[PDB]
Amino acid sequence: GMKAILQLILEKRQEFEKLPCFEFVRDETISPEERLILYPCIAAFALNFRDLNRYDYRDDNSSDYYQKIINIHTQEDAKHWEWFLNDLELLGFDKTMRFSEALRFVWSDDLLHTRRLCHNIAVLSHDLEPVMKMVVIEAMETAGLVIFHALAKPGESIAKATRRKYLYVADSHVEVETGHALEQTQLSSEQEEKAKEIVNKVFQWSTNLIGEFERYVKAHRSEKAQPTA
Amino acid sequence: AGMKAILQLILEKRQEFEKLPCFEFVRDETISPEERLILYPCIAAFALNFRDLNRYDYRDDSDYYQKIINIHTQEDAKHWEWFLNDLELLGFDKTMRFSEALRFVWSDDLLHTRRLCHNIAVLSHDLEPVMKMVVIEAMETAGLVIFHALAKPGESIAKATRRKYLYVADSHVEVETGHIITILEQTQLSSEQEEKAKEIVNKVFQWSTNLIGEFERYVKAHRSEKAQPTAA
Ligand SMILES: N[C@@H](Cc1c[nH]c2ccc(Br)cc12)C(=O)O
Ligand SMILES: N[C@@H](Cc1c[nH]c2ccc(Br)cc12)C(=O)O
Ligand SMILES: [Fe+2]
Ligand SMILES: [Fe+2]
Ligand SMILES: [Fe+2]
Ligand SMILES: [Fe+2]
Ligand code: NI
């Protein structure tokens with residue numbers, strides 16, 4: 001029911017768009033430096049997402065038409081972790097700390113959902129046939145696009161004011177993810193119900209992650225980005 | 001015959017695993033223990049993931065076999081703090097940029113170390129509690145071998161500096177000796193469960209073998225970065 005599945009992704013996307021967090025990130029009455037205090041939280045996700053694309057999504061030896069399309073997709077997505085580290089530096093969040101402080105931060109109970117999003121997608125897709133992996137990926141990329149559409153607003157305000165090139169919370173990342181977020185497909189009967197479960201899970205896990213970002217902003221509300229012009 | 005054969009394949013695997021070159025180096029009392037513990041920070045890529053594997057993947061907060069796993073997982077989910085304890089004592093809790101910390105953990109040279117717990121979680125997500133216990137037994141058997149070896153340079157530094165190490169330490173090995181086969185031994189299983197437990201034991205030992213391979217490669221790459229413990 002590829003029309004239904006996509007219709008569900010569209011419906012889920014329309015709910016995801018309205019989470020409080022994105023209301024806050026899109027609010028031009030608040031300094032862009034404060035709207036980006038969630039940024040160091042993505043550390044629990046960005047490099048795990050690199051690994052999901054490199055080691056879980058990708059099966060380089062496949063003749064499957066859907067798998068080949070996934071493979072090209074994974075090539076692009078697996079480079080964005082360096083963009084994350086680029087803007088971590090620009091935003092003043094790449095602070096000197098003890099090795100153990102870094103580990104305790106990434107493995108915080110407060111970042112459980114952020115850290116385990118890629119893990120859950122790994123467990124969810126490890127036995128799926130290529131066409132079903134594409135539903136997983138399309139759901140996940142739709143949620144990614146919503147988040148980066150939001151983050152790119154305070155990101156580009158800082159970039160222009162400081163005259164620096166941002167790569168991660170920036171229109172150029174939204175541009176690549178736009179192409180990523182085919183339709184000539186008819187799913188077996190129980191596949192359609194499988195795909196509905198995929199879409200519900202990816203969006204539920206994505207919601208839980210934004211949940212933690214909101215909580216972290218609350219709890220670390222003075223810890224605003226410190227970019228330099 | 002089934003479970004008799006399975007616990008026997010684990011002993012075969014343990015005796016094979018014990019002979020890897022990394023363990024010859026770690027046990028070698030002619031090398032300074034500070035040099036043998038060059039590989040210690042590599043465990044950063046595994047130790048907090050293993051905590052999460054115990055808290056979230058193995059553990060399930062009425063089947064009698066899950067109930068025993070949960071008391072098992074409860075205890076293992078505490079050893080990550082011991083890791084951070086010894087990280088400091090060895091002089092490996094150094095000040096660095098947050099990004100240097102992230103690039104360390106996600107290094108391509110710590111891939112197998114980093115994905116061991118990932119692989120175990122994926123293998124065991126859809127197993128009956130009996131087969132989870134197989135996974136846990138194989139994995140704990142690999143652990144005891146590693147910590148028997150590391151506790152040697154470990155206890156040498158602890159005595160020479162007079163400090164309580166908790167991770168590369170007999171006190172860790174002793175708790176882990178406790179870790180049960182005695183309920184596993186009093187279990188029967190199918191031609192299916194037979195073939196599956198065989199698949200499990202092989203993968204847990206191959207993945208642990210790959211992790212040890214990366215430790216050996218690290219030591220050779222970073223031969224100058226030996227531990228710098230402080231005496232009391
Ligand atoms: N465009 C993202 C990938 C992404 C895809 N889906 C996501 C969901 C939540 C978060 Br945070 C990130 C993503 C990246 O480049 O790391
Ligand atoms: N006793 C270990 C658990 C462990 C169990 N199996 C392991 C295999 C490789 C390594 Br490194 C560690 C383990 C711990 O406390 O982290
Ligand atoms: Fe991206
Ligand atoms: Fe993408
Ligand atoms: Fe342990
Ligand atoms: Fe244990
Ligand atoms: Ni499965």
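Just so we're on the same page: letters track the sequence lines, and every chain starts at 1. Read the numbers this way: they start at 1 and go in the same order the structure lists the ligands and their atoms.
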Ionic contact status for A/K133 with A/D59, cut-off 4.0 Å: no
Nearest-option assignment for atom 16 (O) of ligand 2, heavy atoms, candidates B/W80, B/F50, B/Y167: B/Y167
Test side chain to side chain donor-acceptor pair (under 3.5 Å) applied to A/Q14 and A/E11, A/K18, A/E17, the passing residue: A/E17
Where ligand 2 meets B/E176 - atom numbers and elements under 4.0 angstrom, heavy-atom basis: 1 (N)
A/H180 backbone or side-chain N/O/S under 2.8 Å from the Fe ion (ligand 4): yes
Atom of B/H179 closest to the Fe ion (ligand 6), considering N, O or S atoms: ND1
Shortest protein heavy-atom distance from atom 2 (C) of ligand 2, along with the residue and atom involved: B/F147 CE1, 3.7 Å
B/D76: its N/O/S atom lying closest to the Fe ion (ligand 6) (atom name): OD1
Shortest protein heavy-atom distance from atom 9 (C) of ligand 2, along with the residue and atom involved: B/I146 CD1, 3.1 Å
N, O or S from B/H72 under 2.8 Å to the Fe ion (ligand 6): no
Of the N, O or S atoms in B/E140, the one nearest the Fe ion (ligand 6): OE2
Any B/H172 heavy atom less than 4.0 Å to ligand 2: yes
Parallel, tilted or perpendicular, as decided by the 30° and 60° cut-offs, for the rings of A/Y39 and A/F84: parallel
Atom CZ of B/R162: over 12 foreign heavy atoms under 6.0 Å: no
Exam field: side chain B/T187 to backbone B/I183, donor-acceptor pair closer than 3.5 Å: yes
Parallel, tilted or perpendicular: ring planes of B/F104 versus B/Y218, cut at 30 and 60 degrees: perpendicular
Heteroatom proximity flag, B/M139 to ligand 2, N/O under 3.5 Å: yes
Atom of B/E176 nearest the Fe ion (ligand 6) (restricted to N/O/S, atom name only): OE2
Distance-only N or O hit between ligand 2 and B/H79, under 3.5 Å: yes
B/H72 and B/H179 aromatic ring geometry - parallel, tilted or perpendicular at 30°/60° bounds: tilted
Expected output: side-chain A/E212 to main-chain A/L112 donor-acceptor under 3.5 Å: yes
For B/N49 against B/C117, the heavy-atom pair lying closest together: C-SG, 3.8 Å
The Fe ion (ligand 4) to nearest N/O/S of A/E76 less than 2.8 Å: no
Worked check of salt bridge (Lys or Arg N to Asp or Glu O under 4.0 Å) between B/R51 and B/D76: CA-CA 7 Å; B/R51 174 198 84 185; B/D76 283 333; over 6 Å; no
Identity and distance of the protein heavy atom lying nearest atom 13 (C) of ligand 2: B/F46 CZ, 3.3 Å
